[PDB]
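A.B. asks: So I pulled this structure from the PDB, and the sequence comes with it:
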Amino acid sequence: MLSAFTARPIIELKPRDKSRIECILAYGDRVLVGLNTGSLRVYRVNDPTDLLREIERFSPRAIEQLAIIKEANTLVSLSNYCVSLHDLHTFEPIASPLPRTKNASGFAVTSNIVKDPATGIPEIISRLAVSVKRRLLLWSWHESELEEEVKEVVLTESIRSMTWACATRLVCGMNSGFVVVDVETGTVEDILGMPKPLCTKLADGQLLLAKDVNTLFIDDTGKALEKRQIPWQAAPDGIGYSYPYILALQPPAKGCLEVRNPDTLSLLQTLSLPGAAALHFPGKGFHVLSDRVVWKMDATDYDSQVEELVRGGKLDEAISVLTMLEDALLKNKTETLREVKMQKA
């Protein structure tokens, strides 16, 4: 229906290579690949990739998850079922393991600009939240300085997914359902309207929740929205958002990626990515990783997308896409939109 993104492979392991990819991290020019052997490769993205540095025995076991906080110049790694903080550039350990992170399931990182209530000065605040059984551990950086106190919230069930709704609220997903946690006040709220609980952040403080084939739309406060359920045939393995589209990753056996409209819920695009098992997000594209290939998703310019929709006769979809987009991303959103509306009538 639409060529929203173009898929090109930037990293390829060979079929009989003993190493497999477990997670990646892309920041600027660089892509950091964590392997099942504990090694950590660093790639430079050219304009496909050049292997700059391999750190074997970075962690004595597989690297499950990677993140960074740029203010503190810190690399967060989930390995040996614990969490470790390394220097982003020398990769020497700052704190490995991080205290109380033993048997951690995962973590979620955010960093936002917040104003001091007393002085009203913009300050960069960083949040790292780790899931350890039914416990939620919260570290924070104030001006890249890690605070000496760790906040802990105890839940009623084990945490299976963690997605930051905003700078102060975190959506946590368990088996029974989803909850909203206020990291500042430690207050938990129930969300009202083996399958993994999926959650991704949309635009304008909106979030999409998915369990099996059921879906729900909420806001940054965690209140339900009057929206239809997304009509996809099978439950997605993962979900994500790349402005302005919703992305759904089907199980690795199918090896497909769905690009859907958050407004009309129609299937804009389907991409065949064999073995694709995870999505990686930060108007620039995202990444999709298999156990051997890392593809970079390049978004087509939105003017050509709307022209393609108009040429196909999908007028209502072009109107919805145009309404969603910011005006600076189009040559002339106003006149293009009025034109498409006059083509409809």
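C.D. replies: Good, I have the coordinates. Numbers count the residues shown, from 1 in each chain.

A.B. asks: CA only for contacts and neighbour counts going forward, please
C.D. replies: OK.

A.B. asks: ok, now which ones touch the residue nearest the centre of the chain?
C.D. replies: The chain has residue 281 as the residue nearest its centroid, 4.2 Å off, counting by Cα atoms, centre = their mean. Neighbouring residues of residue 281 by Cα atoms under 8 Å, 6 or more residues apart in numbering: 240-242, 287.

A.B. asks: which one of the residues you listed sits closest to residue 53?
C.D. replies: When these are compared for distance to residue 53 (Cα to Cα), residue 287 wins out at 20.6 Å.

A.B. asks: If that closest one is in a bridge, with which residues?
C.D. replies: For residue 287, the beta-bridge partners are residue 280, residue 296 (DSSP bridges).

A.B. asks: out of the contacts of residue 281, who's nearest residue 155?
C.D. replies: Checking the contacts of residue 281 against residue 155 by Cα to Cα gives residue 240 as the nearest, at 25.1 Å.

A.B. asks: I'd like to know how far the closest one sits from residue 231.
C.D. replies: The gap separating residue 240 from residue 231 is 16 Å, by Cα to Cα, to the nearest Å.

A.B. asks: Likewise for residue 54?
C.D. replies: Using Cα to Cα, residue 54 is found at 43 Å from residue 231.

A.B. asks: for residue 188, same thing?
C.D. replies: 30 Å.

A.B. asks: ok, those two, which is more surrounded?
C.D. replies: Neighbours were counted for residue 188 and for residue 231 using other Cα atoms under 10 Å; residue 188 has more, 18 against 13.

A.B. asks: What separation is there between the more buried one and residue 104?
C.D. replies: For residue 188, the distance to residue 104 (Cα to Cα) stands at 20 Å.

A.B. asks: tell me which residues in the longest helix along the chain are buried?
C.D. replies: Criterion DSSP state H: the longest helix present in the chain is helix 333-344. Neighbour-count burial for helix 333-344, counted by 16 or more other Cα atoms under 10 Å, picks out 333, 336-337, 340.

A.B. asks: Starting from the helix or strand that contains residue 138, tell me which strands it pairs with and how they run.
C.D. replies: Secondary structure assigned from DSSP states H and E places residue 138 in strand 135-142. Partners of strand 135-142 in the sheet, by DSSP bridges, are strand 122-132 (antiparallel), strand 145-146 (antiparallel), strand 151-154 (antiparallel).

A.B. asks: So which of those is nearest residue 99?
C.D. replies: Nearest to residue 99 among those is strand 122-132 (11.0 Å), distances taken as Cα to Cα.

A.B. asks: which parts of that closest one are buried?
C.D. replies: 125-132.

A.B. asks: go on, stretch 253-273?
C.D. replies: Applying a neighbour-count criterion of 16+ other Cα under 10 Å, one finds 255-263, 265-271, 273 buried in stretch 253-273.

A.B. asks: can you pull out the strands in the stretch 1-150 of the chain?
C.D. replies: For the stretch 1-150 of the chain, strands defined by DSSP state E, counting those that start in this stretch occupy the ranges 5-12, 21-27, 30-35, 40-45, 49-55, 63-69, 74-79, 82-87, 93-95, 104-115, 122-132, 135-142, 145-146.

A.B. asks: Off-centre distance for the longest one?
C.D. replies: Just to be clear, that refers to strand 104-115. Offset of strand 104-115 from its chain centre (Cα atoms, centre = their mean, to the nearest Å): 12 Å.
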